[PDB]
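A.B. asks: Please find run.cif (mmCIF, N, CA and C atoms; chains and numbers go by the auth columns) on the next line:
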```cif
data_upload
loop_
_atom_site.group_PDB
_atom_site.id
_atom_site.type_symbol
_atom_site.label_atom_id
_atom_site.label_comp_id
_atom_site.label_asym_id
_atom_site.label_seq_id
_atom_site.Cartn_x
_atom_site.Cartn_y
_atom_site.Cartn_z
_atom_site.B_iso_or_equiv
_atom_site.auth_seq_id
_atom_site.auth_asym_id
ATOM 1 N N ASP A 1 129.084 107.621 197.864 0.00 1 V
ATOM 2 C CA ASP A 1 127.901 107.214 197.055 0.00 1 V
ATOM 3 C C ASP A 1 128.429 106.334 195.921 0.00 1 V
ATOM 4 N N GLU A 2 128.049 105.066 195.940 0.00 2 V
ATOM 5 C CA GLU A 2 128.537 104.131 194.952 0.00 2 V
ATOM 6 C C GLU A 2 128.097 104.520 193.544 0.00 2 V
ATOM 7 N N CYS A 3 126.894 105.052 193.402 0.00 3 V
ATOM 8 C CA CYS A 3 126.400 105.450 192.084 0.00 3 V
ATOM 9 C C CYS A 3 127.120 106.693 191.563 0.00 3 V
ATOM 10 N N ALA A 4 127.278 107.706 192.410 0.00 4 V
ATOM 11 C CA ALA A 4 128.027 108.910 192.017 0.00 4 V
ATOM 12 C C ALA A 4 129.482 108.567 191.662 0.00 4 V
ATOM 13 N N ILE A 5 130.094 107.632 192.418 0.00 5 V
ATOM 14 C CA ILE A 5 131.427 107.244 192.117 0.00 5 V
ATOM 15 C C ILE A 5 131.505 106.579 190.732 0.00 5 V
ATOM 16 N N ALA A 6 130.562 105.692 190.436 0.00 6 V
ATOM 17 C CA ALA A 6 130.554 105.010 189.126 0.00 6 V
ATOM 18 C C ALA A 6 130.438 105.978 187.992 0.00 6 V
ATOM 19 N N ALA A 7 129.502 106.950 188.127 0.00 7 V
ATOM 20 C CA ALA A 7 129.302 107.967 187.110 0.00 7 V
ATOM 21 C C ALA A 7 130.579 108.800 186.923 0.00 7 V
ATOM 22 N N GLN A 8 131.216 109.214 188.013 0.00 8 V
ATOM 23 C CA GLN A 8 132.309 110.160 187.918 0.00 8 V
ATOM 24 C C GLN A 8 133.494 109.486 187.244 0.00 8 V
ATOM 25 N N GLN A 9 133.628 108.188 187.505 0.00 9 V
ATOM 26 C CA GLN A 9 134.668 107.356 186.921 0.00 9 V
ATOM 27 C C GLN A 9 134.378 106.968 185.443 0.00 9 V
ATOM 28 N N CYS A 10 133.269 107.421 184.860 0.00 10 V
ATOM 29 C CA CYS A 10 132.957 107.075 183.481 0.00 10 V
ATOM 30 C C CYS A 10 132.870 105.579 183.241 0.00 10 V
ATOM 31 N N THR A 11 132.148 104.929 184.142 0.00 11 V
ATOM 32 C CA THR A 11 131.737 103.538 183.938 0.00 11 V
ATOM 33 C C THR A 11 130.910 103.429 182.708 0.00 11 V
ATOM 34 N N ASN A 12 130.590 102.188 182.348 0.00 12 V
ATOM 35 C CA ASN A 12 129.752 101.943 181.194 0.00 12 V
ATOM 36 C C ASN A 12 128.310 101.721 181.655 0.00 12 V
ATOM 37 N N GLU A 13 127.443 101.373 180.758 0.00 13 V
ATOM 38 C CA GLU A 13 126.031 101.326 181.065 0.00 13 V
ATOM 39 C C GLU A 13 125.661 100.221 182.050 0.00 13 V
ATOM 40 N N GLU A 14 126.255 99.050 181.889 0.00 14 V
ATOM 41 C CA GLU A 14 126.146 97.971 182.865 0.00 14 V
ATOM 42 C C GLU A 14 126.722 98.369 184.221 0.00 14 V
ATOM 43 N N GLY A 15 127.767 99.185 184.207 0.00 15 V
ATOM 44 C CA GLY A 15 128.318 99.652 185.423 0.00 15 V
ATOM 45 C C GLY A 15 127.387 100.563 186.183 0.00 15 V
ATOM 46 N N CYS A 16 126.702 101.448 185.468 0.00 16 V
ATOM 47 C CA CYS A 16 125.690 102.248 186.109 0.00 16 V
ATOM 48 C C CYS A 16 124.593 101.380 186.712 0.00 16 V
ATOM 49 N N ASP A 17 124.087 100.403 185.947 0.00 17 V
ATOM 50 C CA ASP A 17 123.042 99.572 186.478 0.00 17 V
ATOM 51 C C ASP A 17 123.427 98.855 187.785 0.00 17 V
ATOM 52 N N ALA A 18 124.615 98.284 187.804 0.00 18 V
ATOM 53 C CA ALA A 18 125.072 97.512 188.972 0.00 18 V
ATOM 54 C C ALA A 18 125.377 98.447 190.139 0.00 18 V
ATOM 55 N N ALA A 19 126.005 99.612 189.869 0.00 19 V
ATOM 56 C CA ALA A 19 126.450 100.480 190.972 0.00 19 V
ATOM 57 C C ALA A 19 125.277 101.246 191.568 0.00 19 V
ATOM 58 N N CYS A 20 124.182 101.433 190.824 0.00 20 V
ATOM 59 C CA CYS A 20 123.099 102.324 191.249 0.00 20 V
ATOM 60 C C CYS A 20 121.843 101.586 191.674 0.00 20 V
ATOM 61 N N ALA A 21 121.798 100.292 191.389 0.00 21 V
ATOM 62 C CA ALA A 21 120.708 99.430 191.882 0.00 21 V
ATOM 63 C C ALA A 21 120.615 99.617 193.388 0.00 21 V
ATOM 64 N N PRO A 22 119.414 99.693 193.983 0.00 22 V
ATOM 65 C CA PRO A 22 118.155 99.394 193.343 0.00 22 V
ATOM 66 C C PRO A 22 117.377 100.623 192.975 0.00 22 V
ATOM 67 N N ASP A 23 118.029 101.740 192.774 0.00 23 V
ATOM 68 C CA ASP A 23 117.394 103.004 192.571 0.00 23 V
ATOM 69 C C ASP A 23 117.287 103.394 191.118 0.00 23 V
ATOM 70 N N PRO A 24 116.072 103.344 190.543 0.00 24 V
ATOM 71 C CA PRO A 24 116.011 103.683 189.091 0.00 24 V
ATOM 72 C C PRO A 24 116.306 105.137 188.825 0.00 24 V
ATOM 73 N N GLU A 25 115.979 105.989 189.782 0.00 25 V
ATOM 74 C CA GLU A 25 116.288 107.387 189.642 0.00 25 V
ATOM 75 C C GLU A 25 117.807 107.664 189.568 0.00 25 V
ATOM 76 N N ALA A 26 118.563 107.094 190.496 0.00 26 V
ATOM 77 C CA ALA A 26 120.012 107.225 190.432 0.00 26 V
ATOM 78 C C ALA A 26 120.619 106.569 189.219 0.00 26 V
ATOM 79 N N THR A 27 120.075 105.413 188.843 0.00 27 V
ATOM 80 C CA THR A 27 120.587 104.732 187.670 0.00 27 V
ATOM 81 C C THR A 27 120.465 105.638 186.417 0.00 27 V
ATOM 82 N N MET A 28 119.269 106.215 186.282 0.00 28 V
ATOM 83 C CA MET A 28 118.983 107.170 185.190 0.00 28 V
ATOM 84 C C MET A 28 120.001 108.294 185.219 0.00 28 V
ATOM 85 N N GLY A 29 120.279 108.864 186.400 0.00 29 V
ATOM 86 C CA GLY A 29 121.291 109.963 186.512 0.00 29 V
ATOM 87 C C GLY A 29 122.669 109.548 186.058 0.00 29 V
ATOM 88 N N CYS A 30 123.033 108.330 186.431 0.00 30 V
ATOM 89 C CA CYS A 30 124.311 107.827 186.045 0.00 30 V
ATOM 90 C C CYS A 30 124.432 107.678 184.534 0.00 30 V
ATOM 91 N N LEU A 31 123.390 107.115 183.903 0.00 31 V
ATOM 92 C CA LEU A 31 123.381 106.965 182.451 0.00 31 V
ATOM 93 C C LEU A 31 123.433 108.303 181.706 0.00 31 V
ATOM 94 N N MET A 32 122.610 109.252 182.158 0.00 32 V
ATOM 95 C CA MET A 32 122.597 110.617 181.597 0.00 32 V
ATOM 96 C C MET A 32 124.013 111.206 181.699 0.00 32 V
ATOM 97 N N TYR A 33 124.631 111.056 182.870 0.00 33 V
ATOM 98 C CA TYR A 33 125.978 111.575 183.089 0.00 33 V
ATOM 99 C C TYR A 33 126.975 110.985 182.148 0.00 33 V
ATOM 100 N N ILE A 34 127.037 109.659 182.055 0.00 34 V
ATOM 101 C CA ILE A 34 128.073 109.045 181.206 0.00 34 V
ATOM 102 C C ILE A 34 127.844 109.279 179.721 0.00 34 V
ATOM 103 N N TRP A 35 126.591 109.402 179.320 0.00 35 V
ATOM 104 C CA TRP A 35 126.299 109.660 177.931 0.00 35 V
ATOM 105 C C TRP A 35 126.653 111.069 177.550 0.00 35 V
ATOM 106 N N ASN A 36 126.557 112.034 178.496 0.00 36 V
ATOM 107 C CA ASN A 36 126.806 113.443 178.202 0.00 36 V
ATOM 108 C C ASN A 36 128.241 113.842 178.437 0.00 36 V
ATOM 109 N N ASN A 37 128.861 113.266 179.431 0.00 37 V
ATOM 110 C CA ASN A 37 130.149 113.724 179.917 0.00 37 V
ATOM 111 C C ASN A 37 131.327 112.757 179.732 0.00 37 V
ATOM 112 N N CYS A 38 131.104 111.594 179.147 0.00 38 V
ATOM 113 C CA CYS A 38 132.162 110.560 179.067 0.00 38 V
ATOM 114 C C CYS A 38 132.292 110.062 177.657 0.00 38 V
#
```
Please express what this file holds, its structure, as structure tokens.
C.D. replies:
Amino acid sequence: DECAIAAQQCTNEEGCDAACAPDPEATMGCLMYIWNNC
């Protein structure tokens, strides 16, 4: 999962957007993850 991989790797906010497109739900998860855990 490209989005889960981006989140787990502590990408930045642009990284979440690019890795999780076109899914706003996954993108949101990625942002929540990096803001809380990174």
A.B. asks: Can you list, as a list in words, every protein, DNA or RNA residue that comes within 7 Å of segment 20-31 of chain V when you count only N, CA and C atoms, leaving out same-chain residues fewer than 3 positions away?
C.D. replies: residues 2, 3, 4, 6, 7, 13, 15, 16, 17, 34, 35 and 36 of chain V
A.B. asks: Can you spit out the residues from that selection as a PDB file, in the coordinates of the input, using N, CA and C atoms?
C.D. replies:
```
ATOM      1  N   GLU V   2     128.049 105.066 195.940  1.00  0.00           N
ATOM      2  CA  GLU V   2     128.537 104.131 194.952  1.00  0.00           C
ATOM      3  C   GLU V   2     128.097 104.520 193.544  1.00  0.00           C
ATOM      4  N   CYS V   3     126.894 105.052 193.402  1.00  0.00           N
ATOM      5  CA  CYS V   3     126.400 105.450 192.084  1.00  0.00           C
ATOM      6  C   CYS V   3     127.120 106.693 191.563  1.00  0.00           C
ATOM      7  N   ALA V   4     127.278 107.706 192.410  1.00  0.00           N
ATOM      8  CA  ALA V   4     128.027 108.910 192.017  1.00  0.00           C
ATOM      9  C   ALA V   4     129.482 108.567 191.662  1.00  0.00           C
ATOM     10  N   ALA V   6     130.562 105.692 190.436  1.00  0.00           N
ATOM     11  CA  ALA V   6     130.554 105.010 189.126  1.00  0.00           C
ATOM     12  C   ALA V   6     130.438 105.978 187.992  1.00  0.00           C
ATOM     13  N   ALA V   7     129.502 106.950 188.127  1.00  0.00           N
ATOM     14  CA  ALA V   7     129.302 107.967 187.110  1.00  0.00           C
ATOM     15  C   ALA V   7     130.579 108.800 186.923  1.00  0.00           C
ATOM     16  N   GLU V  13     127.443 101.373 180.758  1.00  0.00           N
ATOM     17  CA  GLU V  13     126.031 101.326 181.065  1.00  0.00           C
ATOM     18  C   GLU V  13     125.661 100.221 182.050  1.00  0.00           C
ATOM     19  N   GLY V  15     127.767  99.185 184.207  1.00  0.00           N
ATOM     20  CA  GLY V  15     128.318  99.652 185.423  1.00  0.00           C
ATOM     21  C   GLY V  15     127.387 100.563 186.183  1.00  0.00           C
ATOM     22  N   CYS V  16     126.702 101.448 185.468  1.00  0.00           N
ATOM     23  CA  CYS V  16     125.690 102.248 186.109  1.00  0.00           C
ATOM     24  C   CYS V  16     124.593 101.380 186.712  1.00  0.00           C
ATOM     25  N   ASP V  17     124.087 100.403 185.947  1.00  0.00           N
ATOM     26  CA  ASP V  17     123.042  99.572 186.478  1.00  0.00           C
ATOM     27  C   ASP V  17     123.427  98.855 187.785  1.00  0.00           C
ATOM     28  N   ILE V  34     127.037 109.659 182.055  1.00  0.00           N
ATOM     29  CA  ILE V  34     128.073 109.045 181.206  1.00  0.00           C
ATOM     30  C   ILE V  34     127.844 109.279 179.721  1.00  0.00           C
ATOM     31  N   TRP V  35     126.591 109.402 179.320  1.00  0.00           N
ATOM     32  CA  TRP V  35     126.299 109.660 177.931  1.00  0.00           C
ATOM     33  C   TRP V  35     126.653 111.069 177.550  1.00  0.00           C
ATOM     34  N   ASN V  36     126.557 112.034 178.496  1.00  0.00           N
ATOM     35  CA  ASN V  36     126.806 113.443 178.202  1.00  0.00           C
ATOM     36  C   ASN V  36     128.241 113.842 178.437  1.00  0.00           C
TER      37      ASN V  36
END
```
A.B. asks: Could you tell me how far atom C of residue 14 of chain V lies from atom N of residue 32 of chain V, in Å and to one decimal?
C.D. replies: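 Distance between the two atoms: 11.8 Å.
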A.B. asks: Quick one: 5 Å padding each side, axis-aligned, all listed atoms of segment 6-13 of chain V - centre and edge lengths in Å to one decimal, as AutoDock Vina command-line options?
C.D. replies:
```
--center_x 130.2 --center_y 105.2 --center_z 185.6 --size_x 19.0 --size_y 19.9 --size_z 19.7
```
A.B. asks: Give me, please, the distance in Å between atom C of residue 11 of chain V and atom N of residue 33 of chain V, quoted to one decimal.
C.D. replies: 9.9 Å
A.B. asks: Take segment 2-17 of chain V, bring it up to N, CA, C and O atoms, and give me the output as a compact mmCIF listing (two decimals), in the coordinates of the input.
C.D. replies:
```txt
# COMPACT_ATOMS: atom_id res chain seq x y z
N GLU V 2 128.05 105.07 195.94
CA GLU V 2 128.54 104.13 194.95
C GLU V 2 128.10 104.52 193.54
O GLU V 2 128.85 104.38 192.58
N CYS V 3 126.89 105.05 193.40
CA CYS V 3 126.40 105.45 192.08
C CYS V 3 127.12 106.69 191.56
O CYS V 3 127.53 106.74 190.40
N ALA V 4 127.28 107.71 192.41
CA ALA V 4 128.03 108.91 192.02
C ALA V 4 129.48 108.57 191.66
O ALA V 4 130.04 109.08 190.68
N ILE V 5 130.09 107.63 192.42
CA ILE V 5 131.43 107.24 192.12
C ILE V 5 131.50 106.58 190.73
O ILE V 5 132.38 106.89 189.92
N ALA V 6 130.56 105.69 190.44
CA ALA V 6 130.55 105.01 189.13
C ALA V 6 130.44 105.98 187.99
O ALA V 6 131.15 105.89 187.00
N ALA V 7 129.50 106.95 188.13
CA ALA V 7 129.30 107.97 187.11
C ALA V 7 130.58 108.80 186.92
O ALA V 7 130.99 109.02 185.75
N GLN V 8 131.22 109.21 188.01
CA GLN V 8 132.31 110.16 187.92
C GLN V 8 133.49 109.49 187.24
O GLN V 8 134.25 110.12 186.50
N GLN V 9 133.63 108.19 187.50
CA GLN V 9 134.67 107.36 186.92
C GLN V 9 134.38 106.97 185.44
O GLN V 9 135.20 106.32 184.83
N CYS V 10 133.27 107.42 184.86
CA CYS V 10 132.96 107.08 183.48
C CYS V 10 132.87 105.58 183.24
O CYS V 10 133.46 105.00 182.29
N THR V 11 132.15 104.93 184.14
CA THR V 11 131.74 103.54 183.94
C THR V 11 130.91 103.43 182.71
O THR V 11 130.60 104.40 182.03
N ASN V 12 130.59 102.19 182.35
CA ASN V 12 129.75 101.94 181.19
C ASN V 12 128.31 101.72 181.66
O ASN V 12 127.96 101.86 182.85
N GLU V 13 127.44 101.37 180.76
CA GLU V 13 126.03 101.33 181.06
C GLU V 13 125.66 100.22 182.05
O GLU V 13 124.91 100.47 183.01
N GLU V 14 126.26 99.05 181.89
CA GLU V 14 126.15 97.97 182.86
C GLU V 14 126.72 98.37 184.22
O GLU V 14 126.22 97.93 185.25
N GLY V 15 127.77 99.18 184.21
CA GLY V 15 128.32 99.65 185.42
C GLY V 15 127.39 100.56 186.18
O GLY V 15 127.30 100.51 187.39
N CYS V 16 126.70 101.45 185.47
CA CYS V 16 125.69 102.25 186.11
C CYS V 16 124.59 101.38 186.71
O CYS V 16 124.13 101.61 187.84
N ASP V 17 124.09 100.40 185.95
CA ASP V 17 123.04 99.57 186.48
C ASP V 17 123.43 98.86 187.78
O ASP V 17 122.66 98.84 188.76
```
